[PDB]
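**Q** Hey, dropping final.cif in here, mmCIF, C-alpha atoms:
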```cif
data_coords
loop_
_atom_site.group_PDB
_atom_site.id
_atom_site.type_symbol
_atom_site.label_atom_id
_atom_site.label_comp_id
_atom_site.auth_asym_id
_atom_site.auth_seq_id
_atom_site.Cartn_x
_atom_site.Cartn_y
_atom_site.Cartn_z
ATOM 1 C CA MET A 1 9.405 -73.389 20.176
ATOM 2 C CA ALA A 2 10.352 -71.823 16.796
ATOM 3 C CA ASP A 3 13.408 -72.243 14.482
ATOM 4 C CA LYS A 4 11.750 -69.423 12.465
ATOM 5 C CA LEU A 5 10.499 -65.833 13.077
ATOM 6 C CA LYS A 6 6.776 -65.021 12.747
ATOM 7 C CA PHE A 7 5.471 -61.730 11.297
ATOM 8 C CA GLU A 8 1.992 -60.109 11.264
ATOM 9 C CA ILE A 9 1.515 -56.757 9.480
ATOM 10 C CA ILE A 10 -0.217 -54.339 11.898
ATOM 11 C CA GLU A 11 -0.301 -51.142 9.738
ATOM 12 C CA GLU A 12 0.900 -50.118 6.216
ATOM 13 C CA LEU A 13 2.704 -46.734 6.392
ATOM 14 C CA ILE A 14 4.176 -45.867 2.943
ATOM 15 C CA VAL A 15 4.551 -47.804 -0.355
ATOM 16 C CA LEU A 16 7.830 -46.547 -1.927
ATOM 17 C CA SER A 17 7.539 -48.489 -5.275
ATOM 18 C CA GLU A 18 5.957 -51.568 -7.004
ATOM 19 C CA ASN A 19 7.712 -54.213 -9.224
ATOM 20 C CA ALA A 20 6.645 -55.763 -12.613
ATOM 21 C CA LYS A 21 6.132 -59.012 -10.585
ATOM 22 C CA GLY A 22 4.377 -56.703 -8.070
ATOM 23 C CA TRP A 23 7.095 -56.813 -5.309
ATOM 24 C CA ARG A 24 6.563 -53.533 -3.391
ATOM 25 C CA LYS A 25 9.284 -51.978 -1.263
ATOM 26 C CA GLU A 26 7.219 -50.526 1.548
ATOM 27 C CA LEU A 27 7.528 -49.105 5.043
ATOM 28 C CA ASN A 28 4.997 -50.700 7.436
ATOM 29 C CA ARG A 29 4.642 -51.751 11.107
ATOM 30 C CA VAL A 30 4.844 -55.521 11.799
ATOM 31 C CA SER A 31 4.577 -57.544 15.053
ATOM 32 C CA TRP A 32 7.247 -60.283 15.308
ATOM 33 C CA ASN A 33 6.519 -63.577 17.171
ATOM 34 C CA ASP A 34 3.247 -62.070 18.660
ATOM 35 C CA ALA A 35 5.599 -59.741 20.638
ATOM 36 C CA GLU A 36 6.310 -55.923 20.457
ATOM 37 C CA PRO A 37 5.060 -54.347 17.108
ATOM 38 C CA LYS A 38 7.765 -52.209 15.436
ATOM 39 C CA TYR A 39 8.546 -50.462 12.130
ATOM 40 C CA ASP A 40 9.641 -52.656 9.179
ATOM 41 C CA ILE A 41 11.041 -51.484 5.820
ATOM 42 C CA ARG A 42 11.697 -54.021 2.996
ATOM 43 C CA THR A 43 10.486 -55.427 -0.320
ATOM 44 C CA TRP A 44 7.402 -57.639 0.101
ATOM 45 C CA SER A 45 5.401 -59.670 -2.436
ATOM 46 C CA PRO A 46 2.100 -58.025 -3.782
ATOM 47 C CA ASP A 47 0.311 -60.760 -1.734
ATOM 48 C CA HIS A 48 2.842 -60.268 1.197
ATOM 49 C CA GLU A 49 3.403 -64.084 0.885
ATOM 50 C CA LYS A 50 7.195 -63.464 0.789
ATOM 51 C CA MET A 51 9.745 -60.817 1.821
ATOM 52 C CA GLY A 52 13.421 -59.884 1.377
ATOM 53 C CA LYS A 53 16.186 -57.299 1.955
ATOM 54 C CA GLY A 54 15.132 -54.915 4.726
ATOM 55 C CA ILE A 55 15.470 -53.950 8.381
ATOM 56 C CA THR A 56 13.544 -53.739 11.694
ATOM 57 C CA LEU A 57 13.328 -50.369 13.546
ATOM 58 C CA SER A 58 11.932 -49.691 17.064
ATOM 59 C CA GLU A 59 9.701 -46.655 17.923
ATOM 60 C CA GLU A 60 12.873 -45.049 19.432
ATOM 61 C CA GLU A 61 15.089 -45.707 16.349
ATOM 62 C CA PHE A 62 12.413 -44.809 13.769
ATOM 63 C CA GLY A 63 11.763 -41.778 16.018
ATOM 64 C CA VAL A 64 15.412 -40.736 15.404
ATOM 65 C CA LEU A 65 14.774 -41.351 11.636
ATOM 66 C CA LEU A 66 11.711 -38.957 11.683
ATOM 67 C CA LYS A 67 13.697 -36.322 13.675
ATOM 68 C CA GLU A 68 16.822 -36.233 11.491
ATOM 69 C CA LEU A 69 14.867 -36.560 8.157
ATOM 70 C CA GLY A 70 12.625 -33.709 9.336
ATOM 71 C CA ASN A 71 15.792 -31.643 10.017
ATOM 72 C CA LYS A 72 17.352 -32.460 6.537
ATOM 73 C CA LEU A 73 14.041 -31.204 4.934
ATOM 74 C CA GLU A 74 15.468 -27.641 5.598
ATOM 75 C CA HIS A 75 17.681 -28.414 2.587
ATOM 76 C CA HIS A 76 14.815 -28.153 0.030
ATOM 77 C CA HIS A 77 16.248 -30.233 -2.839
ATOM 78 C CA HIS A 78 13.733 -31.954 -5.141
ATOM 79 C CA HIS A 79 14.443 -35.683 -5.412
ATOM 80 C CA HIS A 80 14.058 -37.144 -8.932
ATOM 81 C CA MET B 1 34.532 -59.428 -12.060
ATOM 82 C CA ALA B 2 33.238 -59.774 -8.454
ATOM 83 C CA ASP B 3 30.938 -62.481 -6.964
ATOM 84 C CA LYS B 4 29.732 -60.112 -4.189
ATOM 85 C CA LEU B 5 28.342 -56.651 -5.143
ATOM 86 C CA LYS B 6 30.801 -53.762 -4.932
ATOM 87 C CA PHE B 7 29.707 -50.757 -2.782
ATOM 88 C CA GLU B 8 31.187 -47.579 -1.182
ATOM 89 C CA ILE B 9 29.712 -45.174 1.430
ATOM 90 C CA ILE B 10 29.711 -41.699 -0.150
ATOM 91 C CA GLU B 11 28.043 -39.971 2.839
ATOM 92 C CA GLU B 12 26.381 -40.718 6.230
ATOM 93 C CA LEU B 13 22.898 -39.247 6.914
ATOM 94 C CA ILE B 14 21.497 -40.736 10.164
ATOM 95 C CA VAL B 15 22.670 -43.185 12.854
ATOM 96 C CA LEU B 16 19.529 -44.789 14.400
ATOM 97 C CA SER B 17 21.458 -46.907 17.004
ATOM 98 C CA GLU B 18 24.723 -48.814 17.731
ATOM 99 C CA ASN B 19 25.234 -52.573 18.522
ATOM 100 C CA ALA B 20 27.372 -54.269 21.263
ATOM 101 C CA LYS B 21 29.933 -55.163 18.494
ATOM 102 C CA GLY B 22 29.311 -51.584 17.276
ATOM 103 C CA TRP B 23 27.146 -52.581 14.239
ATOM 104 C CA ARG B 24 25.113 -49.387 13.619
ATOM 105 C CA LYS B 25 21.684 -49.433 11.969
ATOM 106 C CA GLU B 26 22.043 -46.288 9.906
ATOM 107 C CA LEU B 27 20.809 -44.438 6.829
ATOM 108 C CA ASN B 28 23.687 -43.403 4.512
ATOM 109 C CA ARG B 29 24.313 -42.719 0.806
ATOM 110 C CA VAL B 30 26.138 -45.618 -0.930
ATOM 111 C CA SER B 31 27.316 -45.999 -4.567
ATOM 112 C CA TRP B 32 26.796 -49.594 -5.846
ATOM 113 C CA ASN B 33 29.352 -51.136 -8.291
ATOM 114 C CA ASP B 34 30.857 -47.731 -9.422
ATOM 115 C CA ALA B 35 27.283 -46.561 -10.393
ATOM 116 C CA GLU B 36 24.884 -43.739 -9.306
ATOM 117 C CA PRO B 37 24.902 -43.269 -5.431
ATOM 118 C CA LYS B 38 21.542 -43.858 -3.687
ATOM 119 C CA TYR B 39 20.148 -43.950 -0.132
ATOM 120 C CA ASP B 40 20.727 -47.147 1.914
ATOM 121 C CA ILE B 41 19.232 -48.160 5.271
ATOM 122 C CA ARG B 42 20.700 -51.192 7.107
ATOM 123 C CA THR B 43 23.023 -52.341 9.864
ATOM 124 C CA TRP B 44 26.677 -51.690 8.963
ATOM 125 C CA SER B 45 29.941 -52.401 10.792
ATOM 126 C CA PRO B 46 31.260 -49.381 12.914
ATOM 127 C CA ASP B 47 34.288 -49.424 10.482
ATOM 128 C CA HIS B 48 31.682 -49.868 7.624
ATOM 129 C CA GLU B 49 33.764 -52.896 6.403
ATOM 130 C CA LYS B 50 30.530 -54.981 6.149
ATOM 131 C CA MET B 51 26.729 -54.713 5.858
ATOM 132 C CA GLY B 52 23.578 -56.809 6.396
ATOM 133 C CA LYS B 53 19.740 -56.780 6.666
ATOM 134 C CA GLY B 54 18.495 -53.627 4.921
ATOM 135 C CA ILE B 55 17.305 -52.085 1.669
ATOM 136 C CA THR B 56 18.173 -49.679 -1.201
ATOM 137 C CA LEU B 57 16.180 -46.437 -1.739
ATOM 138 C CA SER B 58 16.530 -44.146 -4.805
ATOM 139 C CA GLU B 59 15.607 -40.434 -5.292
ATOM 140 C CA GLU B 60 12.056 -41.638 -6.127
ATOM 141 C CA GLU B 61 11.494 -43.834 -3.089
ATOM 142 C CA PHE B 62 13.408 -41.776 -0.476
ATOM 143 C CA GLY B 63 11.586 -38.639 -1.749
ATOM 144 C CA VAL B 64 8.172 -40.337 -1.254
ATOM 145 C CA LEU B 65 9.439 -41.538 2.209
ATOM 146 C CA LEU B 66 10.342 -37.929 3.335
ATOM 147 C CA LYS B 67 6.964 -36.661 2.029
ATOM 148 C CA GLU B 68 4.636 -39.142 3.736
ATOM 149 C CA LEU B 69 6.721 -39.164 6.984
ATOM 150 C CA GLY B 70 6.528 -35.347 6.917
ATOM 151 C CA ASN B 71 2.732 -35.840 6.750
ATOM 152 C CA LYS B 72 2.786 -38.453 9.662
ATOM 153 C CA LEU B 73 4.666 -35.846 11.857
ATOM 154 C CA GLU B 74 1.147 -34.259 12.287
ATOM 155 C CA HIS B 75 0.584 -37.138 14.776
ATOM 156 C CA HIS B 76 2.372 -36.305 18.078
ATOM 157 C CA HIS B 77 3.614 -39.912 18.424
ATOM 158 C CA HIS B 78 6.043 -39.473 21.386
ATOM 159 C CA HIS B 79 8.064 -42.602 20.176
ATOM 160 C CA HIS B 80 7.565 -43.703 23.805
#
```
What does the file become when written as C-alpha cells?
**A**
Amino acid sequence: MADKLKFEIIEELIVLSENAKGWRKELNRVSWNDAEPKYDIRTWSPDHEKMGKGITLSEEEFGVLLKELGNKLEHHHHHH
Amino acid sequence: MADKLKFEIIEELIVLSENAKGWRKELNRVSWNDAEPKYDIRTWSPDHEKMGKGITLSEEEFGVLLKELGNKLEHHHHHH
C-alpha cells in the first residue's frame, strides 16, 4: 500500500539546463512504483533528492514527440 | 496583479495524446505574463482553459532537446 508514488531513474537522456542551486531540468527515463519504465521530463535536484514541474510520457507518446520534432527540423531555424 | 501566473497559447506544436475528459498532453508555445513566448510541455484542457503537470522550455533548452533527440533517432527504437 502507498499514499505516495515511487520513482527510480533508469537512464539519463538529455540535461537541458542547470540552476545556481544546481536544479537541472532534464529529460530521463524513470520507473514508477517498480512498474513500467517511461520517459520523464522535469526539474530535478543536482542530487535528484527532489523534483518538481514536469510530465510523464510513454514510449508511444514520446515516440510521437520524436516523430513530429524530427519533422519540424525541416524548418532549419537556429534556437538562441 | 494576479495570484496565479498569467499565460496564453500562441501556437500548438505537437499533441502526444488525449484524456477521457479530453485533457491533452501536448507541446505548444505559450507566452507567460505578457512576456517572451517559449515552449511548454504538459497536459492542458481540450479547450486549453487550464493546465497541469509539465515544464517550461526556452530556445536554449528546446534547441538542445531537438539536437540530442535527433542524435537518439540513430537507434531504431520502434516505440513498441
**Q** Output, as a CSV table (one decimal) with C-alpha atoms, in the coordinates of the input, the coordinates of chain B following least-squares superposition onto chain A across all in-order C-alpha pairs.
**A**
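part.csv, freshly written:
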```csv
chain,number,residue,atom,x,y,z
B,1,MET,CA,8.6,-74.0,17.7
B,2,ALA,CA,9.4,-72.4,14.3
B,3,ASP,CA,12.8,-72.4,12.4
B,4,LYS,CA,11.9,-69.2,10.5
B,5,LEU,CA,10.8,-66.1,12.6
B,6,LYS,CA,7.1,-65.5,12.9
B,7,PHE,CA,5.7,-62.1,11.8
B,8,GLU,CA,2.4,-60.3,11.0
B,9,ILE,CA,1.7,-56.9,9.3
B,10,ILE,CA,-0.4,-54.9,11.8
B,11,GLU,CA,-0.5,-51.7,9.6
B,12,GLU,CA,0.9,-50.3,6.3
B,13,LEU,CA,2.5,-46.8,6.4
B,14,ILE,CA,4.2,-46.0,3.1
B,15,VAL,CA,4.6,-47.8,-0.3
B,16,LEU,CA,7.9,-46.5,-1.9
B,17,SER,CA,7.5,-48.5,-5.2
B,18,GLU,CA,6.2,-51.8,-6.7
B,19,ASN,CA,8.2,-54.6,-8.6
B,20,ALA,CA,7.3,-56.4,-11.9
B,21,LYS,CA,6.3,-59.4,-9.8
B,22,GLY,CA,4.6,-56.8,-7.6
B,23,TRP,CA,7.1,-57.0,-4.7
B,24,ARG,CA,6.7,-53.6,-3.0
B,25,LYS,CA,9.5,-51.9,-1.1
B,26,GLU,CA,7.4,-50.4,1.7
B,27,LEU,CA,7.5,-49.2,5.3
B,28,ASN,CA,4.8,-50.9,7.5
B,29,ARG,CA,4.3,-51.9,11.2
B,30,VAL,CA,5.0,-55.6,11.8
B,31,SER,CA,4.7,-57.6,15.1
B,32,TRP,CA,7.5,-60.2,15.3
B,33,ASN,CA,6.8,-63.7,17.0
B,34,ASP,CA,3.6,-62.5,18.8
B,35,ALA,CA,5.6,-59.6,20.5
B,36,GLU,CA,5.5,-55.8,20.5
B,37,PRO,CA,4.8,-54.4,16.9
B,38,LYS,CA,7.6,-52.2,15.4
B,39,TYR,CA,8.4,-50.3,12.2
B,40,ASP,CA,9.8,-52.4,9.3
B,41,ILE,CA,11.2,-51.2,5.9
B,42,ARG,CA,11.9,-53.8,3.2
B,43,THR,CA,10.6,-55.4,0.0
B,44,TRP,CA,7.5,-57.5,0.6
B,45,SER,CA,5.3,-59.6,-1.7
B,46,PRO,CA,2.1,-57.7,-3.0
B,47,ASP,CA,0.1,-60.4,-1.0
B,48,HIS,CA,2.6,-59.8,1.9
B,49,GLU,CA,3.1,-63.6,2.0
B,50,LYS,CA,6.9,-63.1,2.0
B,51,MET,CA,9.7,-60.6,2.8
B,52,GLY,CA,13.4,-59.9,2.0
B,53,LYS,CA,16.2,-57.3,2.2
B,54,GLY,CA,15.3,-54.8,4.8
B,55,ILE,CA,15.6,-53.8,8.5
B,56,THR,CA,13.6,-53.5,11.8
B,57,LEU,CA,13.1,-50.0,13.4
B,58,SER,CA,11.7,-49.5,17.0
B,59,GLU,CA,10.1,-46.3,18.6
B,60,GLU,CA,13.6,-45.2,19.4
B,61,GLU,CA,15.1,-45.5,16.0
B,62,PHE,CA,12.1,-44.6,13.8
B,63,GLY,CA,11.6,-41.5,16.1
B,64,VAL,CA,15.2,-40.4,15.5
B,65,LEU,CA,14.7,-41.1,11.7
B,66,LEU,CA,11.6,-38.8,11.6
B,67,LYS,CA,13.5,-36.1,13.5
B,68,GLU,CA,16.6,-35.9,11.5
B,69,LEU,CA,14.7,-36.3,8.1
B,70,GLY,CA,12.4,-33.5,9.3
B,71,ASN,CA,15.7,-31.4,9.7
B,72,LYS,CA,17.0,-32.5,6.2
B,73,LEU,CA,13.7,-31.3,4.6
B,74,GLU,CA,15.3,-27.8,5.0
B,75,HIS,CA,17.3,-28.8,1.9
B,76,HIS,CA,15.1,-28.4,-1.2
B,77,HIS,CA,16.4,-31.7,-2.7
B,78,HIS,CA,14.0,-32.1,-5.6
B,79,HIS,CA,14.6,-36.0,-5.6
B,80,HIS,CA,15.3,-35.4,-9.3
```
**Q** What do you get, as a PyMOL selection string, if you spell out every residue that the PyMOL selection byres ((chain B) within 10 of (chain A)) selects here?
**A** chain B and resi 13-17+25-27+40-43+52-70+72-73+77-80
**Q** Using all atoms listed in the file, find all polymer residues with an atom at most 10 Å away from the point (26.3, -59.3, -1.7); report them as a PyMOL selection string.
**A** chain B and resi 2-7+50-52
**Q** Taking all atoms listed in the file into account, which of B:76, B:33, B:45, B:38 comes nearest residue B:1?
**A**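 Going through B:76, B:33, B:45, B:38 one by one, the smallest distance to residue B:1 is for B:33.
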**Q** Which residue gives the smallest distance to residue B:11 among B:44, B:75, B:39, B:29, with all atoms listed in the file counted?
**A** B:29
**Q** Kindly give the distance, in Å, that separates atom CA of residue A:9 and atom CA of residue B:19, rounded to a single decimal.
**A** 25.7 Å
**Q** If the PyMOL selection byres ((chain A and resi 46) around 8) is run on the structure shown, which residues does it catch, given as an mmCIF file with C-alpha atoms, in the coordinates of the input?
**A**
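Heads up, here's the output in part31.cif:
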```cif
data_model
loop_
_atom_site.group_PDB
_atom_site.id
_atom_site.type_symbol
_atom_site.label_atom_id
_atom_site.label_comp_id
_atom_site.auth_asym_id
_atom_site.auth_seq_id
_atom_site.Cartn_x
_atom_site.Cartn_y
_atom_site.Cartn_z
ATOM 1 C CA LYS A 21 6.132 -59.012 -10.585
ATOM 2 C CA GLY A 22 4.377 -56.703 -8.070
ATOM 3 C CA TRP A 23 7.095 -56.813 -5.309
ATOM 4 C CA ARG A 24 6.563 -53.533 -3.391
ATOM 5 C CA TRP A 44 7.402 -57.639 0.101
ATOM 6 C CA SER A 45 5.401 -59.670 -2.436
ATOM 7 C CA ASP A 47 0.311 -60.760 -1.734
ATOM 8 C CA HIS A 48 2.842 -60.268 1.197
ATOM 9 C CA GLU A 49 3.403 -64.084 0.885
#
```
**Q** Return as JSON the centre and edge lengths, in Å with one decimal, of the box along x, y and z that encloses every atom of stretch 61-72 of chain B in the file, padded by 8 Å per side.
**A**
```
{"center_x": 8.1, "center_y": -39.6, "center_z": 3.3, "size_x": 26.7, "size_y": 24.5, "size_z": 28.8}
```
**Q** State, in Å with one decimal place, the distance from atom CA of residue B:12 to atom CA of residue B:36.
**A**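 We find that atom CA of residue B:12 and atom CA of residue B:36 lie 15.9 Å from each other.
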**Q** What's the separation between atom CA of residue A:28 and atom CA of residue B:71, in Å to one decimal place?
**A**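 Taking atom CA of residue A:28 and atom CA of residue B:71, their separation equals 15.0 Å.
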